[PDB]
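> Chains as they are written, first to last, in my numbering: chain C, 49 to 629; chain R, 489 to 834; chain S, 4 to 73; chain P, 76 to 209. Note that beta-carbon positions come from the ideal geometry of N, C-alpha and C, so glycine has one too. Okay, here's the structure, questions in a sec.
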Amino acid sequence: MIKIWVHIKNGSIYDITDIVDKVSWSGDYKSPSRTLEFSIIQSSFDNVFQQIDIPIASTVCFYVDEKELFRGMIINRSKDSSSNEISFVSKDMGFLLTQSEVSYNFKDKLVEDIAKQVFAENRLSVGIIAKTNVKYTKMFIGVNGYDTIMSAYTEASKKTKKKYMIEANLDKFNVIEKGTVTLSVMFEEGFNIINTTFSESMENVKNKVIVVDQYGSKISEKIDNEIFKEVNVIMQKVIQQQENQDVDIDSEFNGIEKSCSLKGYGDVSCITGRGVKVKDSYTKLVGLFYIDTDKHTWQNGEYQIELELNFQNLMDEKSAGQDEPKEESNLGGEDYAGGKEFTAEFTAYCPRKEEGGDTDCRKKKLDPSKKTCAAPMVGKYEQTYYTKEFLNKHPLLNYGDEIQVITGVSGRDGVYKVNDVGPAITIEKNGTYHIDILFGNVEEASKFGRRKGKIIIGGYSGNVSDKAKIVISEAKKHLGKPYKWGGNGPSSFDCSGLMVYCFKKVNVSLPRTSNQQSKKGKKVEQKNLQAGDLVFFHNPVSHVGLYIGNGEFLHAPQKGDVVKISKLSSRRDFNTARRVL
Amino acid sequence: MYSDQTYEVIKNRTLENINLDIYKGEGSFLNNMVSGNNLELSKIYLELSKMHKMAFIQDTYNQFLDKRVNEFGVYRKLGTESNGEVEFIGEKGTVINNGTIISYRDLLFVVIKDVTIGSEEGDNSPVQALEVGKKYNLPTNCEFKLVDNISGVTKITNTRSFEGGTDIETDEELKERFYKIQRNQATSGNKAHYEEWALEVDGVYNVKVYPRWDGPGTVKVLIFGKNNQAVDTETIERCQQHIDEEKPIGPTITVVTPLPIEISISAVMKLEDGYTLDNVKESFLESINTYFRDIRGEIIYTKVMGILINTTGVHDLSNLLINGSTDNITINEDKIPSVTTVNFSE
Amino acid sequence: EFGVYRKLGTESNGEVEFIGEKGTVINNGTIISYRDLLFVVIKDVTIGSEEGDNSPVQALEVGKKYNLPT
Amino acid sequence: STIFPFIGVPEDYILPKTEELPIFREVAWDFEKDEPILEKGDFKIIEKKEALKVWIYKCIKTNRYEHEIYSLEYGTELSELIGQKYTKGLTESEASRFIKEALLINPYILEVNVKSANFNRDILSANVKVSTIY
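Here it is, written out as structure tokens:
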């Protein structure tokens with residue numbers, strides 16, 4: 049389903065889909081505007097086949113599947129007397145950039161700001177502009193806006209290792225980087241490919257760079273070995289540096305170019321500036337290509353595409369870097385181990401004043417939401433068979449202990465704290481534990497009754513990592529050492545050298561300066577601070593601390609002070625935290 | 489290079505070396521004679537390639553790896569069978585003797601001690617796995633079955649989980665342990681080895697060592713748990729055994745745990761309206777135990793009577809005595825202050 | 004096998020002098036270069052300050068080539 | 076990620092692997108009782124031709140569009156022939172086509188042939204020959 053609408057100057061709007069004979073839609077990466085060509089059936093000999101007229105410079109809109117892809121102005125119009133057809137050529141809005149011609153003087157400006165100013169000077173709407181923190185300095189005299197923006201973004205690309213293009217989509221202007229979007233469709237030989245032609249060329253190869261000063265005399269030269277391995281010949285290039293620029297040689301080298309010319313079946317998503325995937329038939333290998341030129345045609349009820357593709361690299365089988373989703377082993381309550389499992393018998397508890405015992409060990413009113421329970425407490429109820437062997441085999445619990453209770457009921461299973469006091473709450477001879485479950489009303493207790501289950505006690509590690517102990521011990525080993533700026537030896541440490549040494553002792557390499565150290569590892573919050581974390585406070589990280597927990601951390605304060613332990617709250621200036629273990 | 493050396497290359501070179509006038513090609517006499525042992529040489533080259541791989545220590549497979557580590561003296565660790573206890577339920581008087589085998593699923597276990605059902609010593613007897621492995625660490629409430637039917641026994645079950653099962657140490661673990669042992673340097677000289685070895689044991693956070701605590705040739709190590717608190721007997725035993733395994737000849741090692749110091753607090757106070765002695769007593773107990781958690785070394789009298797006056801519900805104070813005195817209680821190492829008895833009078 | 008390890012070398016260390024406008028602060032981690040060699044500043048230094056304009060500097064790579072002269 | 080193998084592969088470059096399917100394995104199933112089979116207190120696993128037999132039985136026994144969990148490809152339309160809705164020759168053609176198209180979605184099955192077909196009272200008989208990689 050393709051629809052074409054035309055807006056005429058007076059205010060009339062026509063739907064001309066039933067008259068169109070042929071449609072073509074195309075673009076290239078070396079021009080800022082896309083083009084649309086179509087024909088309609090119109091006869092002057094026959095009165096029946098006379099149609100409306102579409103004057104020059106009227107807007108035409110192109111829809112595919114209820115989506116607008118093109119909006120532009122009509123530029124050419126032609127009529128042949130032999131054939132009953134009228135031909136049109138339309139252009140995108142992007143050609144308005146090359147009409148402008150302004151003189152600028154840019155000093156130490158961001159490339160994005162340069163593009164924004166150019167778009168603002170000759171009034172144009174901006175959709176989105178690619179971000180790059182590269183500063184540029186240039187003098188433009190009698191140059192287009194398009195050329196200005198492209199030159200600035202080429203200079204930015206010399207650092208970002210990227211490619212950029214200018215796209216005018218409907219009524220908006222955009223600057224995007226090529227290949228960021230990769231299409232879902234893949235071209236395979238046995239499925240949707242009509243024909244292909246692969247080529248390789250050597251003509252535009254460069255493997256030597258010569259730099260000359262502003263006077264013509266040569267200063268330095270360089271050869272690229274990897275390209276020279278492929279081609280035995282030396283093909284040199286000469287560039288000139290002025291006084292205020294220091295050129296980078298490695299950007300000027302150019303290698304062998306590999307391309308493909310493809311014709312097949314696809315969707316309207318395959319346009320210039322996107323990445324596509326082509327599968328090799330013989331080796332069953334997939335390669336990634338960037339689209340440079342495209343053309344879509346609708347005619348006689350069939351739709352075909354033609355692309356010019358530029359090869360980037362071979363897609364790695366499975367995952368190249370093997371990115372795994374970094375997750376903790378346990379979402380909550382990590383390193384629970386040592387939890388010996390004992391069979392238990394569960395009894396229901398109702399809070400009644402007449403019966404008594406509603407007070408706990410500390411004589412506070414019981415709260416059903418606490419999920420507290422009654423288990424034997426050392427010295428409360430002792431029978432005759434509670435021998436030392438039996439006690440070591442079946443250990444009695446303590447007040448406030450956290451035990452895992454599994455009654456077999458949804459909601460009645462979980463960690464239970466031993467706080468409630470219950471008469472005749474002991475352990476049988478076989479080892480079954482009497483655990484009294486607290487309830488908030490009579491009905492729930494009556495429903496629960498007496499059941500048999502299992503409980504877990506005395507299981508907990510509460511550690512973070514083995515290397516944390518080593519690092520903490522080493523940091524304590526360097527306590528009281530005389531301070532020295534820029535010293536990283538057991539004799540004296542600066543603020544960052546301490547953790548450099550400590551984490552090097554556990555094979556963890558970090559930036560020498562603490563400012564860069566802030567830019568390593570996962571972010572850590574103040575409430576998520578654990579032993580071994582790194583804490584940074586001032587906007588300049590003059591001293592970084594090693595967080596050991598308990599609101600304390602180890603560091604080298606400054607010159608004149610010695611390595612000691614500081615309380616975290618005393619440092620009101622907290623900024624962020626990182627973890628690298 | 490052994491890979492390129494192939495039957496075709498060897499044969500071609502051998503034929504080129506021979507200086508005869510006759511025709512050398514497929515189906516000739518000389519070609520037939522030469523071929524046959526060049527194929528064998530091409531066979532031999534692959535074994536020659538593999539030999540240097542199986543020579544080293546990084547990749548020695550299983551048996552030759554055992555020989556190399558036994559040269560270094562490191563032995564492969566074999567598993568130990570799990571240990572557990574089950575209960576026998578049935579008619580009174582049925583006697584279950586040692587060597588009796590019980591079964592759960594396809595695993596087999598042996599009853600260690602003679603046990604009689606309904607006897608005074610109990611119906612629980614030790615259980616040992618017939619084979620090593622981690623798979624024998626059965627959970628609780630597992631119904632065991634008897635291989636040979638003995639009249640009078642109804643049901644076998646375990647009351648706790650099985651523990652002690654260990655698997656066979658593989659090659660990678662052996663190599664890692666060997667590499668860490670050889671890389672590690674352990675001299676007897678400096679005091680740091682003792683604290684290091686103590687720290688190698690889990691459950692320990694702070695370590696203090698006292699040379700010649702009990703005369704020459706005596707060492708007393710002092711381990712501390714989380715927040716410098718008392719460690720369990722298991723961690724103490726593990727630390728003792730590890731330090732013994734790493735200590736050199738000459739010293740004796742003793743490791744102990746902190747002991748609470750008995751503290752008695754007495755005061756005369758005036759309470760606010762609506763507040764009794766018990767509520768302020770509880771609040772003071774909580775605040776003072778928190779302070780004792782945060783305290784280091786000696787106890788300070790001023791903090792004590794400040795925390796007594798800042799309790800909710802107390803209006804005025806007088807005559808606070810800390811263990812019968814107002815002076816600071818200096819606390820030795822490996823000790824903590826604990827409340828014993830409160831004497832508060834309105 | 005015998006525990007011996009090769010040594011990759013130690014990075015050259017030094018300190019440089021910042022001459023410029025007063026009030027300009029050089030952030031920790033600012034990168035500088037000496038011909039093909041490159042160096043990083045180790046201290047937050049501000050020009051004209053009572054602390055002086057000198058900041059320690061460490062080479063990014065090991066090698067005796069980074070043992071710079073005066 | 077550097078080579079360009081579309082015109083030709085470099086002579087030193089080694090192909091990583093040849094692409095083959097793993098050994099087909101499936102939980103064993105008994106046909107006279109329509110149950111999975113338990114062996115030593117666990118599910119018994121068979122492989123290759125017997126597993127393919129189990130899969131074929133399950134695929135034939137199900138209807139095409141009846142269940143929401145399945146896709147539009149899985150199942151068989153043989154239930155539309157019951158009652159002589161079509162003539163006999165059209166029934167034979169449709170049955171052959173249905174069986175072939177239903178079975179050919181398994182990648183381990185290479186070719187299916189429905190050779191014989193006979194009408195006796197209310198029973199239709201046929202012979203199906205399945206060719207696999209094994």
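Which residues of chain C have a Cβ atom closer than 8 angstroms to the Cβ of residue 66 of chain P, listed in chain order?
The question about residue 66 of chain P has no answer, for chain P in this structure spans 76 to 209.
> Can you tell me the Cα-Cα spacing of R:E774 and C:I596, whole angstroms?
Whole-angstrom Cα-Cα distance: 26 angstroms.
> From C:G175 to P:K175, what distance separates their C-alpha atoms?
Near 54 angstroms, if we compare the C-alpha coordinates of P:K175 and C:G175.
> Thinking just about the alpha-carbon of each residue, which of R:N571, R:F666, R:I751 is nearest to the one in R:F780?
That would be R:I751, whose Cα lies nearest to the Cα of R:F780.
> Roughly how many whole angstroms lie between the Cα atoms of S:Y37 and S:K67?
So the two alpha carbons sit approximately 14 angstroms from each other.
> For the candidate residues C:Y77, C:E169, C:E389, C:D113, whose alpha-carbon lies nearest to that of C:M49?
For the residues C:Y77, C:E169, C:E389, C:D113, the minimum Cα distance to C:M49 belongs to C:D113.
> Note down, in chain order, each residue of its chain lying with its Cβ closer than 6 angstroms to the Cβ of P:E122, except the 5 sequence neighbours on either side.
Hits under 6 angstroms: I98, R100.
> Any idea which residues DSSP pairs C:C109 with across the strands?
For C:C109, which the question treats as bridged, DSSP gives the partners C:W53, C:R119.
> Compute the distance between the beta-carbons of C:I505 and C:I451, then report whether it is under 8 angstroms.
Cβ distance < 8 angstroms, so C:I505 and C:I451 count as in contact.
> Are the C-beta of C:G479 and some C-beta of chain R separated by less than 8 angstroms?
Chain R contact via Cβ: present.
> Could you tell me which chain R residues have their CB closer than 7 angstroms to the CB of S:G6, listed as they occur along the chain?
Under the 7 angstroms cutoff, chain R gives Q670, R671.
> Counting only beta-carbon separations shorter than 8 angstroms, does R:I795 have a partner in chain S?
Cβ-Cβ to chain S under 8 angstroms: no for R:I795.
> Between the beta-carbon of C:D140 and the beta-carbon of C:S74, is there less than 8 angstroms?
Result no, Cβ atoms of C:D140 and C:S74 do not sit closer than 8 angstroms.
> Say whether chain P places a C-beta atom closer than 8 angstroms to the C-beta of C:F246.
For C:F246, the answer is yes, since a Cβ of chain P falls inside 8 angstroms of its Cβ.
> To the nearest angstrom, how far is the alpha carbon of R:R671 from that of R:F560?
Cα-Cα distance, rounded: 13 angstroms.
> Quick check: R:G652 and R:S570, are their CB atoms within less than 8 angstroms of each other?
Their beta carbons are under 8 angstroms apart, which means R:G652 touches R:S570 by this criterion.
> Determine the closest residue to C:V279 out of C:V260, C:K270, C:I304, C:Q289, with distance taken between C-alpha atoms.
Among C:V260, C:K270, C:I304, C:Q289, the Cα nearest to that of C:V279 is on C:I304.
> Rounded to a whole number of angstroms, what is the C-alpha to C-alpha distance between C:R626 and C:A516?
Using only the alpha carbons, I get a separation of about 14 angstroms.
> What's the call for C:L84, buried or exposed, on a 16-neighbour Cβ count within 10 Å?
Buried, by the Cβ-count rule.
> What's the C-alpha gap between P:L113 and C:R499?
Between P:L113 and C:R499, the C-alpha separation is close to 33 angstroms.
> Once you ignore the five residues that flank R:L759 on each side, which residues in its own chain have a CB closer than 8 angstroms to its CB?
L765, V768, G801, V802, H803, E834, listed in sequence order.
> Quick test of the definition: if touching needs 3 or more C-beta pairs under 8 angstroms, does the segment 685-695 of chain R touch the segment 716-723 of chain R?
Yes: at least three Cβ pairs fall under 8 angstroms.
> Please classify C:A368 as buried or exposed, where buried requires at least 16 neighbouring CB atoms within 10 angstroms.
Classification of C:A368: exposed, given that the 10 Å Cβ count is below 16.
> Strictly under 8 angstroms for the Cβ-Cβ distance: is C:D340 near chain P by that measure?
So no, C:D340 is outside the interface.
> With a threshold of 8 angstroms between beta carbons, is S:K25 in contact with chain C?
So, not an interface residue.
> What do you get for P:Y145, buried or exposed, if any count of 16 or more other CB atoms within 10 angstroms of its CB means buried?
It counts as exposed.
> Please go through the same chain and pick out, in chain order, the residues whose beta-carbon is closer than 6 angstroms to the beta-carbon of C:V229, but skip the five residues on each side of it.
The answer, listed in chain order, is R322.
> Please determine, among C:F235, C:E372, C:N478, C:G510, the residue with the shortest C-alpha to C-alpha distance to R:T628.
Here the closest residue by C-alpha is C:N478.
> From which residue to which residue does the alpha helix (DSSP H) around C:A396 run?
Here C:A396 belongs to no alpha helix (DSSP H); instead the beta strand (DSSP E) covers 388-397.
> So which residues on chain C does R:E770 lean against when the C-beta distance must stay under 8 angstroms?
Per Cβ cutoff of 8 angstroms: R410, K411.
> Can you check whether the CB of C:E389 is closer than 8 angstroms to the CB of C:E382?
Going by C-beta atoms, C:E382 is not nearer than 8 angstroms to C:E389.
> Name the DSSP bridge partner or partners of residue 633 of chain C?
Here chain C covers residues 49 to 629 and nothing more, so residue 633 of chain C does not appear.
> Helix, strand or coil, according to DSSP, for P:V129 in the structure here?
Helix.
> So the beta strand (DSSP E) C:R498 belongs to, where does it begin and stop?
First-last of the beta strand (DSSP E) with C:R498: 498-505.
> DSSP state of R:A617, grouped into three classes?
In the structure shown, R:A617 sits in a strand (DSSP, three-state: E or B).
> Indicate whether at least one CB of chain R lies closer than 8 angstroms to the CB of C:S539.
No, its Cβ sits nowhere closer than 8 angstroms to a Cβ of chain R.
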